[PDB]
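Chains as they are written, first to last, in this note's numbering: chain V, 114 to 272; chain B, 2 to 107; chain W, 24 to 236; chain Y, 8 to 219. First the structure, in the form of structure tokens, and then the observations on it.
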Ligand SMILES: *[C@@H]1O[C@H](CO)[C@@H](O)[C@H](O)[C@H]1NC(C)=O
């Protein structure tokens with residue numbers, strides 16, 4: 114199983130209420146544990162931010178974030194502003210960086226955008242730190258493992 | 002769009018030029034970028050112009066990429082230059098087995 | 024779904040168009056709520072929108088004029104523009120736009136629209152000029168306000184041939200129209216044709232007659 | 008920056024196309040194009056969304072598509088309940104906001120195909136004395152009810168001074184429309200001639216006036 118804990122990210126100078134007609138919760142909503150960070154007004158500048166989280170627990174933590182692949186180079190400037198958008202993730206053993214791939218696609222559930230997810234396991238008493246310029250699907254809740262379990266794939270009923 | 006019943010094989014190429022000057026000679030100045038997108042795939046390709054030793058007398062390179070395109074699914078290319086475009090997709094016929102040998106057939 | 028727009032419908036330039044629109048069910052935070060106007064001639068213009076949180080998305084053309092607000096507790100939202108001009112005369116719809124973005128990708132279930140006329144005063148009355156000529160001749164009822172106007176011919180003794188046209192609203196905010204009568208060609212010069220224009224809102228009457236050249 | 012034709016005809020049941028021509032800042036970017044149907048007096052209902060998808064209760068007759076920098080709506084199986092105005096709508100980035108079209112007037116047939124019937128009056132002497140001039144272009148007895156006027160001074164079009172009326176149902180159940188041109192008296196005198204040309208679906212019908 115999985116027990117969640119809030120990572121406590123505050124934001125100022127940007128919008129956090131991105132939503133879509135594909136995550137339909139009595140209207141247009143988004144992922145529950147994620148926040149779609151946007152820019153205040155359309156085409157405005159996204160300010161570069163840095164947000165850390167320290168795994169204060171004894172089990173290892175599971176940090177999950179997303180990258181927003183806009184439909185064009187124009188829509189990316191609409192949501193986050195002109196400029197190259199860049200997300201940088203890093204912990205005591207993790208060192209990567211992510212860039213969105215804005216460009217034409219076919220339609221999937223009537224949308225041509227994509228949102229792709231990445232994950233890393235933060236060690237206990239470690240610190241994850243995000244720096245980002247935009248196009249970042251931020252997390253709100255780290256996940257923790259409860260114990261031991263089995264996992265199968267089937268097409269028959271339980272008993 | 003893959004009109005057929007079986008998955009398609011899509012291949013394209015990126016021409017990494019000898020220098021920024023030859024890249025602007027063939028496609029013009031300004032950054033280049035080739036985005037390839039489908040329902041299960043989307044990636045960006047930038048050429049890497051610069052100096053490197055000769056091979057077959059040539060310093061340029063053309064590296065090929067590929068993906069599998071599912072039935073009724075569309076692959077979309079957007080390109081600024083440095084893009085080797087494909088003329089023909091490929092569909093696998095049936096069953097076979099491949100080996101590596103150094104002797105004659107019989 | 025219910026979508027009801029109401030507010031000041033009859034104002035003059037430099038005043039402040041204030042409208043508001045209320046809803047049924049389907050409550051806020053599911054969608055972006057938008058104001059979209061439409062001049063009575065032709066066109067469809069998006070002017071702004073706002074969500075349950077009060078976050079705005081304005082048209083920059085009309086920004087510094089548009090201010091959009093939301094009464095979330097009463098489930099309605101209001102439009103405040105502007106230092107109004109005359110070209111804002113339009114049918115104003117509120118509409119539910121579906122939240123995609125950051126944005127309002129499409130609009131489903133528009134409201135019914137309330138007409139807002141921002142013309143300028145006043146009851147004026149026309150000037151009438153003759154129309155020189157088988158063939159046909161008429162009158163020209165120009166620069167009058169407000170509508171409508173009677174166009175008699177021979178004070179009412181000629182009905183067949185008349186084609187009193189719909190008036191046009193000029194850029195001056197005053198209406199203008201013309202009547203016309205077809206008549207036999209070689210029969211002219213031998214008989215008179217009075218046209219009796221009547222404009223009751225300014226109490227003016229004319230009996231202007233028409234002759235060929 | 009979205010261009011739609013003014014009018015399109017069509018017999019009951021036949022198929023008809025409405026074009027939504029756009030620039031690289033609206034449809035050329037990744038933005039989707041939707042369509043809206045506005046029946047007389049009624050407010051627009053949502054039609055095709057996402058360039059091909061139609062919401063509940065919209066027939067298969069209506070079919071949307073999008074190609075490059077343009078979009079297209081298709082109506083097959085025309086009925087009386089389909090005669091309306093149709094608008095395409097997308098989003099533009101260089102203007103930072105959504106954008107609609109000019110609208111297209113769908114006229115379903117069921118009548119003849121009569122054309123104008125234009126009669127043009129030159130300015131009267133009595134109004135030239137008052138230091139004014141206004142030419143009068145009259146249009147009657149045409150079906151369907153959607154024209155496109157254009158004024159010229161013996162060669163050259165006149166963009167300003169024109170007021171054009173909305174068509175309306177005649178008593179003879181056909182349509183009728185007028186258009187007036189405002190001029191200064193010497194502008195009227197200092198030109199060879201003037202011409203009010205009126206285009207109905209595939210026919211230009213023009214009149215002419217010269218100072219005397
Ligand atoms: C992890 O341990 C180091 C040294 O043991 C300490 O400096 C650091 O603050 C610890 N991190 C947290 C989140 O307590």
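Virtual Cβ for every residue (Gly too), placed ideally from N, Cα, C.
Within 8 angstroms (strictly less), CB to CB, does residue i reach chain V?
i	result
residue 49 of chain B	no
residue 69 of chain W	no
residue 4 of chain B	no
residue 72 of chain W	no
residue 122 of chain W	yes
residue 157 of chain Y	no
residue 37 of chain Y	yes
residue 64 of chain Y	no
residue 57 of chain Y	yes
residue 38 of chain B	yes
According to DSSP, is residue i part of a helix, a strand, or is it coil?
i	result
residue 193 of chain W	coil
residue 23 of chain B	helix
residue 87 of chain Y	helix
residue 229 of chain V	strand
residue 178 of chain W	helix
residue 92 of chain Y	strand
residue 34 of chain B	coil
residue 122 of chain W	coil
residue 210 of chain W	coil
residue 192 of chain Y	helix
residue 253 of chain V	coil
residue 135 of chain Y	helix
residue 96 of chain W	coil
residue 153 of chain W	strand
Could you name the residues of chain Y that residue i contacts, counting a contact when the two beta carbons are closer than 7 angstroms?
i	result
residue 199 of chain W	187
Residue i touches chain W at which residues, Cβ-Cβ below 8 angstroms?
i	result
residue 128 of chain Y	154, 155, 161, 163 and 201
Could you check which residue in the options has the C-alpha nearest to that of residue i?
i	options	result
residue 149 of chain W	W/223, W/182 and W/119	W/223
residue 153 of chain W	W/121, W/58, W/234 and W/78	W/234
residue 238 of chain V	V/205, V/251, V/269 and V/260	V/205
residue 14 of chain B	B/90, B/77, B/97 and B/63	B/63
residue 210 of chain Y	Y/61, Y/194, Y/163 and Y/154	Y/154
residue 49 of chain Y	W/138, W/107 and W/43	W/138
residue 145 of chain V	V/169, V/117 and V/171	V/117
residue 194 of chain Y	Y/215, Y/164 and Y/160	Y/160
residue 166 of chain V	V/259, V/255, V/261 and V/269	V/255
residue 205 of chain Y	Y/192, Y/86 and Y/183	Y/183
residue 47 of chain Y	Y/151, Y/112, Y/169 and Y/137	Y/112
residue 170 of chain Y	Y/177, Y/150, Y/181 and Y/141	Y/141
residue 195 of chain V	V/221, V/215 and V/168	V/215
residue 46 of chain W	W/126, W/107, W/75 and W/68	W/75
Note down, in chain order, every chain V residue with its Cβ under 7 angstroms from the Cβ of residue i.
i	result
residue 5 of chain W	Look at the range of chain W in this structure, 24 to 236, and you will see that residue 5 of chain W is not part of it.
residue 45 of chain B	214 and 216
residue 60 of chain Y	223
Name, please, each residue of chain V whose Cβ falls closer than 9 angstroms to the Cβ of residue i.
i	result
residue 78 of chain W	128, 130 and 153
residue 100 of chain Y	155, 156, 185, 187, 188, 190 and 191
residue 103 of chain Y	154, 155, 156 and 191
Are any of the Cβ atoms in chain W nearer than 8 angstroms to that of residue i?
i	result
residue 134 of chain V	yes
residue 192 of chain V	yes
residue 32 of chain Y	no
residue 41 of chain Y	yes
residue 212 of chain Y	no
residue 51 of chain Y	yes
Applying a beta-carbon distance threshold of less than 7 angstroms, which residues of chain B neighbour residue i?
i	result
residue 182 of chain V	43
residue 227 of chain V	43
Using a C-beta cutoff of 8 angstroms, does residue i count as contacting chain B?
i	result
residue 219 of chain V	yes
Do we get a CB-CB distance below 8 angstroms when we pair residue i with the residues of chain Y?
i	result
residue 83 of chain W	yes
residue 130 of chain W	yes
residue 116 of chain W	yes
residue 142 of chain W	no
residue 168 of chain W	no
Going along chain W in order, which residues have a C-beta closer than 9 angstroms to the C-beta of residue i?
i	result
residue 218 of chain Y	Ordered by position in chain W, no residue passes the 9 angstroms Cβ test against residue 218 of chain Y, which lies about 13 angstroms from the chain.
residue 115 of chain Y	Those do not exist, as residue 115 of chain Y stays about 20 angstroms from chain W at its closest Cβ, beyond 9 angstroms.
Going along chain V, which residues have a C-beta under 8 angstroms from residue i?
i	result
residue 125 of chain W	128, 131, 151, 155, 191 and 192
residue 79 of chain B	216 and 217
Run through chain Y and tell me which residues come within less than 8 angstroms of residue i, C-beta to C-beta.
i	result
residue 65 of chain W	109 and 110
Residues surrounding ligand 1 [beta-carbon distance to nearest heavy atom under 5 angstroms]: That gives V/167 and V/238.
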